[PDB]
file structure00.cif (mmCIF, N, CA, C and O atoms)
data_run
#
loop_
_atom_site.label_atom_id
_atom_site.label_comp_id
_atom_site.auth_asym_id
_atom_site.auth_seq_id
_atom_site.Cartn_x
_atom_site.Cartn_y
_atom_site.Cartn_z
N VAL N 1 148.66 100.91 220.53
CA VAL N 1 149.12 99.67 221.22
C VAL N 1 148.00 98.63 221.22
O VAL N 1 147.03 98.75 221.94
N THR N 2 148.13 97.60 220.43
CA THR N 2 147.06 96.56 220.39
C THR N 2 147.66 95.17 220.62
O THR N 2 148.85 94.96 220.48
N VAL N 3 146.84 94.21 220.94
CA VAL N 3 147.35 92.83 221.16
C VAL N 3 147.49 92.11 219.81
O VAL N 3 146.54 91.99 219.06
N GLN N 4 148.67 91.65 219.50
CA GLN N 4 148.86 90.96 218.19
C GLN N 4 149.15 89.47 218.40
O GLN N 4 150.11 89.09 219.05
N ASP N 5 148.33 88.61 217.84
CA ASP N 5 148.56 87.15 217.99
C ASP N 5 149.27 86.60 216.75
O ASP N 5 149.37 85.41 216.55
N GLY N 6 149.75 87.48 215.91
CA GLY N 6 150.44 87.04 214.67
C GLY N 6 150.89 88.27 213.88
O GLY N 6 151.37 89.24 214.44
N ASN N 7 150.74 88.25 212.59
CA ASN N 7 151.16 89.42 211.77
C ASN N 7 150.00 90.42 211.64
O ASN N 7 150.02 91.31 210.82
N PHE N 8 148.99 90.27 212.45
CA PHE N 8 147.83 91.20 212.39
C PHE N 8 147.60 91.86 213.75
O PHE N 8 147.54 91.19 214.77
N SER N 9 147.46 93.16 213.79
CA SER N 9 147.22 93.85 215.09
C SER N 9 145.74 93.76 215.47
O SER N 9 144.87 94.17 214.73
N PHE N 10 145.45 93.22 216.62
CA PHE N 10 144.02 93.10 217.05
C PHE N 10 143.79 93.88 218.34
O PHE N 10 144.49 93.72 219.32
N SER N 11 142.79 94.73 218.36
CA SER N 11 142.50 95.52 219.60
C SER N 11 141.83 94.62 220.64
O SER N 11 141.49 93.49 220.37
N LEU N 12 141.64 95.12 221.84
CA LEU N 12 141.00 94.28 222.89
C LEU N 12 139.56 94.75 223.16
O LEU N 12 138.85 94.16 223.94
N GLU N 13 139.13 95.80 222.51
CA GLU N 13 137.74 96.29 222.73
C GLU N 13 136.73 95.27 222.21
O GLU N 13 136.08 94.58 222.96
N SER N 14 136.58 95.18 220.91
CA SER N 14 135.61 94.21 220.33
C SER N 14 135.77 92.83 220.98
O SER N 14 134.80 92.18 221.32
N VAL N 15 136.98 92.38 221.15
CA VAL N 15 137.19 91.04 221.78
C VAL N 15 136.61 91.04 223.20
O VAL N 15 135.85 90.17 223.56
N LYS N 16 136.96 92.01 223.99
CA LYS N 16 136.41 92.06 225.38
C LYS N 16 134.88 92.03 225.31
O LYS N 16 134.24 91.20 225.92
N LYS N 17 134.30 92.93 224.56
CA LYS N 17 132.81 92.95 224.44
C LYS N 17 132.35 91.90 223.43
O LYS N 17 131.20 91.84 223.05
N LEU N 18 133.25 91.05 223.00
CA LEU N 18 132.87 89.99 222.02
C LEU N 18 131.81 89.06 222.60
O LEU N 18 130.84 88.73 221.95
N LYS N 19 131.98 88.65 223.83
CA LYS N 19 130.97 87.73 224.45
C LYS N 19 129.64 88.47 224.65
O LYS N 19 128.58 87.88 224.54
N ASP N 20 129.69 89.74 224.93
CA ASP N 20 128.43 90.50 225.14
C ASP N 20 128.44 91.77 224.27
O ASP N 20 128.72 92.85 224.74
N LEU N 21 128.14 91.64 223.01
CA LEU N 21 128.14 92.83 222.12
C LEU N 21 126.72 93.14 221.64
O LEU N 21 126.05 92.30 221.08
N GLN N 22 126.26 94.34 221.85
CA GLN N 22 124.89 94.71 221.39
C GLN N 22 124.85 96.19 221.01
O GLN N 22 124.05 96.96 221.51
N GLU N 23 125.72 96.61 220.13
CA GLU N 23 125.75 98.04 219.71
C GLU N 23 126.76 98.24 218.57
O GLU N 23 127.60 97.39 218.34
N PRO N 24 126.64 99.35 217.90
CA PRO N 24 127.55 99.67 216.78
C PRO N 24 129.00 99.76 217.27
O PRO N 24 129.26 99.83 218.45
N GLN N 25 129.94 99.76 216.36
CA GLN N 25 131.37 99.85 216.78
C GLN N 25 131.55 100.93 217.85
O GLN N 25 130.99 102.01 217.76
N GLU N 26 132.32 100.64 218.87
CA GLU N 26 132.53 101.65 219.95
C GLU N 26 134.01 102.02 220.04
O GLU N 26 134.84 101.19 220.36
N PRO N 27 134.31 103.27 219.77
CA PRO N 27 135.71 103.75 219.83
C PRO N 27 136.27 103.60 221.25
O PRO N 27 135.78 102.82 222.04
N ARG N 28 137.30 104.34 221.57
CA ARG N 28 137.89 104.24 222.94
C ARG N 28 136.82 104.51 224.00
O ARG N 28 135.96 105.35 223.83
N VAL N 29 136.86 103.80 225.09
CA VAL N 29 135.84 104.01 226.16
C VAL N 29 136.52 104.48 227.45
O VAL N 29 137.55 103.97 227.84
N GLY N 30 135.95 105.45 228.12
CA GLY N 30 136.56 105.94 229.39
C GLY N 30 136.76 104.77 230.35
O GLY N 30 137.64 104.79 231.19
N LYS N 31 135.95 103.75 230.24
CA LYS N 31 136.09 102.58 231.15
C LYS N 31 137.33 101.76 230.77
O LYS N 31 137.80 101.81 229.65
N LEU N 32 137.87 101.02 231.69
CA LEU N 32 139.08 100.20 231.39
C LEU N 32 138.67 98.81 230.89
O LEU N 32 137.80 98.17 231.44
N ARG N 33 139.30 98.34 229.84
CA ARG N 33 138.95 96.99 229.31
C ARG N 33 139.42 95.90 230.28
O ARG N 33 140.25 95.08 229.94
N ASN N 34 138.90 95.89 231.47
CA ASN N 34 139.32 94.85 232.46
C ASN N 34 138.09 94.23 233.13
O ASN N 34 138.20 93.51 234.11
N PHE N 35 136.92 94.50 232.63
CA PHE N 35 135.69 93.93 233.24
C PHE N 35 135.19 92.73 232.42
O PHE N 35 134.13 92.21 232.66
N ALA N 36 135.96 92.30 231.46
CA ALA N 36 135.54 91.14 230.63
C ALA N 36 135.36 89.89 231.50
O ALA N 36 136.07 89.71 232.47
N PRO N 37 134.41 89.08 231.13
CA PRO N 37 134.13 87.83 231.89
C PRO N 37 135.33 86.89 231.83
O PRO N 37 136.46 87.31 231.72
N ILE N 38 135.09 85.60 231.90
CA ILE N 38 136.22 84.63 231.85
C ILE N 38 136.21 83.90 230.51
O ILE N 38 135.17 83.49 230.03
N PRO N 39 137.38 83.75 229.93
CA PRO N 39 137.51 83.06 228.63
C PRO N 39 137.03 81.61 228.73
O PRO N 39 137.19 80.96 229.74
N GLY N 40 136.44 81.10 227.68
CA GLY N 40 135.95 79.69 227.72
C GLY N 40 134.70 79.56 226.85
O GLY N 40 133.78 78.84 227.18
N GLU N 41 134.65 80.25 225.74
CA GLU N 41 133.46 80.17 224.86
C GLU N 41 133.89 80.11 223.39
O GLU N 41 133.60 81.01 222.62
N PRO N 42 134.58 79.06 223.04
CA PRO N 42 135.06 78.87 221.65
C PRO N 42 133.89 78.80 220.67
O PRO N 42 133.23 77.79 220.56
N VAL N 43 133.62 79.86 219.97
CA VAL N 43 132.49 79.85 219.00
C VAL N 43 132.93 80.48 217.67
O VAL N 43 133.47 81.57 217.63
N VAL N 44 132.72 79.79 216.58
CA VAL N 44 133.14 80.35 215.26
C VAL N 44 132.30 79.74 214.13
O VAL N 44 132.69 78.78 213.51
N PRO N 45 131.15 80.34 213.90
CA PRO N 45 130.24 79.86 212.84
C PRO N 45 130.92 79.97 211.47
O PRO N 45 132.12 79.85 211.36
N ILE N 46 130.16 80.20 210.43
CA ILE N 46 130.79 80.33 209.08
C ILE N 46 131.90 81.37 209.15
O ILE N 46 133.03 81.12 208.77
N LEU N 47 131.60 82.53 209.65
CA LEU N 47 132.63 83.59 209.77
C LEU N 47 132.94 83.83 211.25
O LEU N 47 133.96 83.41 211.76
N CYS N 48 132.05 84.47 211.96
CA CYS N 48 132.28 84.73 213.41
C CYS N 48 130.94 84.73 214.15
O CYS N 48 129.92 85.10 213.61
N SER N 49 130.94 84.32 215.39
CA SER N 49 129.66 84.29 216.16
C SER N 49 129.06 85.70 216.26
O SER N 49 127.90 85.91 215.97
N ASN N 50 129.84 86.66 216.66
CA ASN N 50 129.32 88.05 216.78
C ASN N 50 129.29 88.72 215.40
O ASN N 50 130.31 88.90 214.78
N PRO N 51 128.10 89.08 214.98
CA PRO N 51 127.93 89.75 213.66
C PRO N 51 128.71 91.07 213.63
O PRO N 51 128.87 91.68 212.59
N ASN N 52 129.20 91.50 214.75
CA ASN N 52 129.97 92.77 214.79
C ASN N 52 131.19 92.60 215.70
O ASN N 52 131.52 93.47 216.48
N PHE N 53 131.85 91.48 215.61
CA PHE N 53 133.05 91.24 216.46
C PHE N 53 134.26 91.95 215.86
O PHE N 53 134.14 92.62 214.85
N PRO N 54 135.40 91.78 216.48
CA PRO N 54 136.64 92.40 215.97
C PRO N 54 136.89 91.94 214.54
O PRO N 54 137.77 91.14 214.28
N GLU N 55 136.11 92.42 213.60
CA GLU N 55 136.29 92.01 212.18
C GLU N 55 137.78 91.91 211.84
O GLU N 55 138.20 91.04 211.10
N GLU N 56 138.58 92.79 212.37
CA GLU N 56 140.04 92.73 212.08
C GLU N 56 140.56 91.33 212.41
O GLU N 56 141.62 90.92 211.97
N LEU N 57 139.82 90.58 213.18
CA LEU N 57 140.24 89.20 213.55
C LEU N 57 139.55 88.19 212.64
O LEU N 57 139.61 86.99 212.85
N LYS N 58 138.88 88.67 211.63
CA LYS N 58 138.18 87.76 210.68
C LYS N 58 139.02 86.52 210.40
O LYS N 58 138.54 85.41 210.53
N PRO N 59 140.26 86.73 210.02
CA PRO N 59 141.16 85.59 209.72
C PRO N 59 141.20 84.63 210.91
O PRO N 59 141.15 83.43 210.75
N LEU N 60 141.27 85.15 212.11
CA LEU N 60 141.30 84.25 213.30
C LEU N 60 140.06 83.36 213.31
O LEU N 60 140.13 82.18 213.60
N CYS N 61 138.92 83.90 212.99
CA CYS N 61 137.68 83.08 212.98
C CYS N 61 137.72 82.07 211.83
O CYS N 61 137.13 81.01 211.90
N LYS N 62 138.41 82.39 210.77
CA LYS N 62 138.49 81.45 209.62
C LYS N 62 139.66 80.48 209.81
O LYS N 62 139.98 79.70 208.93
N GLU N 63 140.30 80.52 210.94
CA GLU N 63 141.44 79.59 211.18
C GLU N 63 141.07 78.56 212.26
O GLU N 63 140.35 78.87 213.19
N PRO N 64 141.55 77.36 212.08
CA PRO N 64 141.26 76.26 213.03
C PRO N 64 141.73 76.61 214.45
O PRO N 64 141.24 76.08 215.42
N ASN N 65 142.69 77.49 214.57
CA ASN N 65 143.19 77.86 215.92
C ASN N 65 142.29 78.93 216.56
O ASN N 65 142.48 79.30 217.70
N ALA N 66 141.32 79.42 215.84
CA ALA N 66 140.43 80.47 216.43
C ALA N 66 139.88 79.99 217.77
O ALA N 66 139.77 80.75 218.71
N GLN N 67 139.54 78.74 217.88
CA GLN N 67 139.01 78.22 219.17
C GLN N 67 139.98 78.54 220.30
O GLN N 67 139.59 78.97 221.37
N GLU N 68 141.25 78.33 220.08
CA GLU N 68 142.26 78.63 221.14
C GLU N 68 142.55 80.13 221.19
O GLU N 68 142.77 80.70 222.23
N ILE N 69 142.55 80.78 220.05
CA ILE N 69 142.83 82.24 220.03
C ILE N 69 141.68 83.00 220.70
O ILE N 69 141.89 83.79 221.59
N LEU N 70 140.47 82.76 220.27
CA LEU N 70 139.31 83.46 220.89
C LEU N 70 139.46 83.49 222.41
O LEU N 70 139.50 84.54 223.02
N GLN N 71 139.56 82.35 223.03
CA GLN N 71 139.72 82.32 224.51
C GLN N 71 140.87 83.24 224.93
O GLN N 71 140.71 84.13 225.74
N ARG N 72 142.04 83.02 224.37
CA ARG N 72 143.20 83.88 224.73
C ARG N 72 142.81 85.36 224.63
O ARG N 72 142.92 86.11 225.58
N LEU N 73 142.34 85.77 223.49
CA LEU N 73 141.93 87.20 223.33
C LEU N 73 141.04 87.62 224.50
O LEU N 73 141.23 88.67 225.08
N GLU N 74 140.07 86.81 224.83
CA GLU N 74 139.17 87.17 225.96
C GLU N 74 139.98 87.43 227.23
O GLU N 74 139.75 88.39 227.94
N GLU N 75 140.94 86.59 227.53
CA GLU N 75 141.76 86.79 228.75
C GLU N 75 142.53 88.11 228.67
O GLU N 75 142.43 88.95 229.54
N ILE N 76 143.28 88.31 227.62
CA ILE N 76 144.04 89.58 227.49
C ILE N 76 143.07 90.76 227.47
O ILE N 76 143.38 91.84 227.93
N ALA N 77 141.90 90.56 226.94
CA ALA N 77 140.90 91.67 226.90
C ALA N 77 140.52 92.05 228.33
O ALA N 77 140.22 93.19 228.63
N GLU N 78 140.52 91.10 229.23
CA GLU N 78 140.17 91.39 230.64
C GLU N 78 141.45 91.70 231.44
O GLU N 78 141.45 91.71 232.65
N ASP N 79 142.53 91.95 230.75
CA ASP N 79 143.81 92.26 231.45
C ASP N 79 144.91 92.55 230.43
O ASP N 79 145.17 91.73 229.56
N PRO N 80 145.52 93.70 230.55
CA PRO N 80 146.61 94.09 229.62
C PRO N 80 147.78 93.11 229.71
O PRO N 80 148.12 92.45 228.75
N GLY N 81 148.41 93.01 230.85
CA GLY N 81 149.56 92.08 230.99
C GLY N 81 150.82 92.77 230.47
O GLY N 81 151.04 93.94 230.71
N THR N 82 151.65 92.06 229.77
CA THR N 82 152.90 92.68 229.24
C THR N 82 152.59 93.48 227.97
O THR N 82 153.32 94.37 227.59
N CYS N 83 151.50 93.18 227.32
CA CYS N 83 151.15 93.93 226.08
C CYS N 83 151.10 95.43 226.37
O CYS N 83 151.75 96.22 225.71
N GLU N 84 150.35 95.83 227.36
CA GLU N 84 150.25 97.27 227.70
C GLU N 84 151.63 97.85 228.02
O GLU N 84 151.89 99.02 227.78
N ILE N 85 152.51 97.06 228.57
CA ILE N 85 153.87 97.60 228.91
C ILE N 85 154.88 97.20 227.83
O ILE N 85 156.07 97.31 228.02
N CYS N 86 154.41 96.75 226.70
CA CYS N 86 155.35 96.35 225.61
C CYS N 86 156.42 95.41 226.15
O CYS N 86 157.48 95.25 225.57
N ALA N 87 156.17 94.78 227.27
CA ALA N 87 157.18 93.85 227.84
C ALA N 87 157.47 92.71 226.86
O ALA N 87 158.41 91.96 227.02
N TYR N 88 156.66 92.58 225.84
CA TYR N 88 156.89 91.49 224.84
C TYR N 88 156.28 91.88 223.49
O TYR N 88 155.76 92.96 223.32
N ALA N 89 156.34 91.00 222.53
CA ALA N 89 155.76 91.31 221.19
C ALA N 89 154.23 91.23 221.24
O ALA N 89 153.56 91.42 220.24
N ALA N 90 153.68 90.96 222.38
CA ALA N 90 152.19 90.86 222.49
C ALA N 90 151.54 92.17 222.04
O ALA N 90 150.48 92.17 221.44
N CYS N 91 152.15 93.29 222.33
CA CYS N 91 151.55 94.59 221.92
C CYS N 91 152.41 95.27 220.85
O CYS N 91 153.60 95.42 221.00
N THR N 92 151.80 95.67 219.76
CA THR N 92 152.58 96.34 218.68
C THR N 92 152.27 97.84 218.66
O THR N 92 151.24 98.28 219.13
N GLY N 93 153.16 98.63 218.12
CA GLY N 93 152.91 100.10 218.07
C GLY N 93 153.68 100.79 219.20
O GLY N 93 153.63 101.99 219.36
N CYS N 94 154.39 100.03 219.99
CA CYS N 94 155.17 100.63 221.11
C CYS N 94 156.53 101.12 220.61
O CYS N 94 156.78 101.01 219.42
#
call {"tool": "encode", "arguments": {"input": "structure00.cif", "output": "structure tokens"}}
result
Amino acid sequence: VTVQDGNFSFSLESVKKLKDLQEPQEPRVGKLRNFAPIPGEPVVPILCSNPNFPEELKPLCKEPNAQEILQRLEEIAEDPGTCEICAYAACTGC
């Protein structure tokens, strides 16, 4: 079950730790992805600000809407919402 902002499934781990990432890829964590800070840091250099961000979102960083998507991802990363309950197409794999 991941958050999908289009035809690509994007997880909330790398995005949540996107603002503060300092370690190799981290699989599932016993902690809940709800401690993420507040969205509001639109950053997208040539590819992506975080040299190890949700690479699966590479396309998002190469798209002009990344500025609006990045923030959104950060919010959902700090809160499941309907995605976790498949209440909408926000989460795929349900």
call {"tool": "residues_around", "arguments": {"input": "structure00.cif", "residues": "region 53-59 of chain N", "least_positions_apart": "6", "cutoff": "8 Å", "atoms": "only N, CA, C and O atoms", "output": "ChimeraX atom specification"}}
result
/N:8-11,13-19,21,23,25,46-47,65-66
call {"tool": "atom_distance", "arguments": {"input": "structure00.cif", "atom1": "CA of residue 45 (chain N)", "atom2": "atom O of residue 72 (chain N)"}}
result
19.0 Å
call {"tool": "atom_distance", "arguments": {"input": "structure00.cif", "atom1": "atom N of residue 1 (chain N)", "atom2": "atom O of residue 35 (chain N)"}}
result
20.8 Å
call {"tool": "residues_around", "arguments": {"input": "structure00.cif", "residues": "residue 44 (chain N)", "least_positions_apart": "2", "cutoff": "9 Å", "atoms": "only C-alpha atoms", "output": "JSON, numbers by chain"}}
result
{"N": [42, 46, 47, 48, 49, 50, 61, 62, 66, 67, 70]}
call {"tool": "atom_distance", "arguments": {"input": "structure00.cif", "atom1": "CA of residue 84 (chain N)", "atom2": "CA of residue 31 (chain N)"}}
result
15.5 Å
call {"tool": "closest_residue", "arguments": {"input": "structure00.cif", "among": "N:88, N:78, N:7, N:71", "to": "residue 40 (chain N)", "atoms": "all atoms listed in the file"}}
result
N:71
call {"tool": "closest_residue", "arguments": {"input": "structure00.cif", "among": "N:39, N:51, N:30, N:24", "to": "residue 74 (chain N)", "atoms": "only N, CA, C and O atoms"}}
result
N:39
call {"tool": "closest_residue", "arguments": {"input": "structure00.cif", "among": "N:79, N:63, N:89, N:20", "to": "residue 6 (chain N)", "atoms": "only N, CA, C and O atoms"}}
result
N:89
call {"tool": "select_by_dssp", "arguments": {"input": "structure00.cif", "residues": "chain N", "states": "alpha helix (DSSP H)", "output": "VMD selection string"}}
result
chain N and resid 13 to 16 58 to 61 66 to 77
call {"tool": "select_by_dssp", "arguments": {"input": "structure00.cif", "residues": "chain N", "states": "strand (DSSP E or B)", "output": "list in words"}}
result
residues 2, 3, 4, 9, 10, 91 and 92 of chain N
call {"tool": "residues_near_point", "arguments": {"input": "structure00.cif", "point": "(142.6, 96.4, 228.5)", "cutoff": "7 Å", "atoms": "all atoms listed in the file", "output": "list in words"}}
result
residues 12, 13, 32, 33, 34, 76, 77, 78, 79 and 80 of chain N
call {"tool": "closest_residue", "arguments": {"input": "structure00.cif", "among": "N:37, N:60, N:2, N:27", "to": "residue 93 (chain N)", "atoms": "only N, CA, C and O atoms"}}
result
N:2
call {"tool": "axis_aligned_box", "arguments": {"input": "structure00.cif", "around": "region 42-59 of chain N", "padding_each_side": "5 Å", "output": "AutoDock Vina command-line options"}}
result
--center_x 134.8 --center_y 85.6 --center_z 215.9 --size_x 23.7 --size_y 25.7 --size_z 24.3
call {"tool": "closest_residue", "arguments": {"input": "structure00.cif", "among": "N:36, N:41, N:22, N:3", "to": "residue 68 (chain N)", "atoms": "only C-alpha atoms"}}
result
N:41
call {"tool": "decode", "arguments": {"input": "structure00.cif", "residues": "region 78-90 of chain N", "atoms": "N, CA, C and O atoms", "output": "PDB file, in the first residue's frame"}}
result
ATOM      1  N   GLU N  78       3.480  12.417   6.727  1.00  0.00           N
ATOM      2  CA  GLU N  78       3.270  12.639   8.187  1.00  0.00           C
ATOM      3  C   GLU N  78       1.839  12.251   8.567  1.00  0.00           C
ATOM      4  O   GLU N  78       1.352  12.586   9.627  1.00  0.00           O
ATOM      5  N   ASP N  79       1.166  11.544   7.702  1.00  0.00           N
ATOM      6  CA  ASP N  79      -0.235  11.127   8.001  1.00  0.00           C
ATOM      7  C   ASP N  79      -0.789  10.289   6.844  1.00  0.00           C
ATOM      8  O   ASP N  79      -0.792  10.727   5.711  1.00  0.00           O
ATOM      9  N   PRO N  80      -1.244   9.106   7.165  1.00  0.00           N
ATOM     10  CA  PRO N  80      -1.807   8.199   6.137  1.00  0.00           C
ATOM     11  C   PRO N  80      -3.035   8.825   5.475  1.00  0.00           C
ATOM     12  O   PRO N  80      -3.048   9.076   4.285  1.00  0.00           O
ATOM     13  N   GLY N  81      -4.070   9.075   6.226  1.00  0.00           N
ATOM     14  CA  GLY N  81      -5.292   9.677   5.628  1.00  0.00           C
ATOM     15  C   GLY N  81      -6.143   8.567   5.008  1.00  0.00           C
ATOM     16  O   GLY N  81      -6.283   7.495   5.565  1.00  0.00           O
ATOM     17  N   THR N  82      -6.708   8.809   3.860  1.00  0.00           N
ATOM     18  CA  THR N  82      -7.545   7.764   3.206  1.00  0.00           C
ATOM     19  C   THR N  82      -6.651   6.742   2.500  1.00  0.00           C
ATOM     20  O   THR N  82      -7.049   5.622   2.247  1.00  0.00           O
ATOM     21  N   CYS N  83      -5.444   7.118   2.179  1.00  0.00           N
ATOM     22  CA  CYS N  83      -4.532   6.164   1.489  1.00  0.00           C
ATOM     23  C   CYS N  83      -4.413   4.873   2.302  1.00  0.00           C
ATOM     24  O   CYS N  83      -4.630   3.786   1.799  1.00  0.00           O
ATOM     25  N   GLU N  84      -4.067   4.984   3.553  1.00  0.00           N
ATOM     26  CA  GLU N  84      -3.926   3.768   4.403  1.00  0.00           C
ATOM     27  C   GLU N  84      -5.233   2.970   4.438  1.00  0.00           C
ATOM     28  O   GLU N  84      -5.224   1.761   4.565  1.00  0.00           O
ATOM     29  N   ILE N  85      -6.358   3.627   4.338  1.00  0.00           N
ATOM     30  CA  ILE N  85      -7.650   2.882   4.378  1.00  0.00           C
ATOM     31  C   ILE N  85      -8.190   2.677   2.961  1.00  0.00           C
ATOM     32  O   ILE N  85      -9.335   2.320   2.768  1.00  0.00           O
ATOM     33  N   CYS N  86      -7.373   2.897   1.967  1.00  0.00           N
ATOM     34  CA  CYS N  86      -7.839   2.709   0.563  1.00  0.00           C
ATOM     35  C   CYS N  86      -9.156   3.457   0.339  1.00  0.00           C
ATOM     36  O   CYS N  86      -9.899   3.163  -0.575  1.00  0.00           O
ATOM     37  N   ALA N  87      -9.451   4.422   1.167  1.00  0.00           N
ATOM     38  CA  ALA N  87     -10.721   5.185   0.997  1.00  0.00           C
ATOM     39  C   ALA N  87     -10.736   5.879  -0.369  1.00  0.00           C
ATOM     40  O   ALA N  87     -11.754   6.371  -0.815  1.00  0.00           O
ATOM     41  N   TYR N  88      -9.615   5.919  -1.037  1.00  0.00           N
ATOM     42  CA  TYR N  88      -9.565   6.579  -2.374  1.00  0.00           C
ATOM     43  C   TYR N  88      -8.422   5.995  -3.210  1.00  0.00           C
ATOM     44  O   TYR N  88      -7.744   5.076  -2.796  1.00  0.00           O
ATOM     45  N   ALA N  89      -8.207   6.519  -4.386  1.00  0.00           N
ATOM     46  CA  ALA N  89      -7.109   5.994  -5.248  1.00  0.00           C
ATOM     47  C   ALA N  89      -5.750   6.475  -4.730  1.00  0.00           C
ATOM     48  O   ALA N  89      -4.719   6.193  -5.311  1.00  0.00           O
ATOM     49  N   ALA N  90      -5.740   7.200  -3.647  1.00  0.00           N
ATOM     50  CA  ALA N  90      -4.448   7.701  -3.096  1.00  0.00           C
ATOM     51  C   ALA N  90      -3.502   6.535  -2.795  1.00  0.00           C
ATOM     52  O   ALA N  90      -2.303   6.638  -2.964  1.00  0.00           O
TER      53      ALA N  90
END
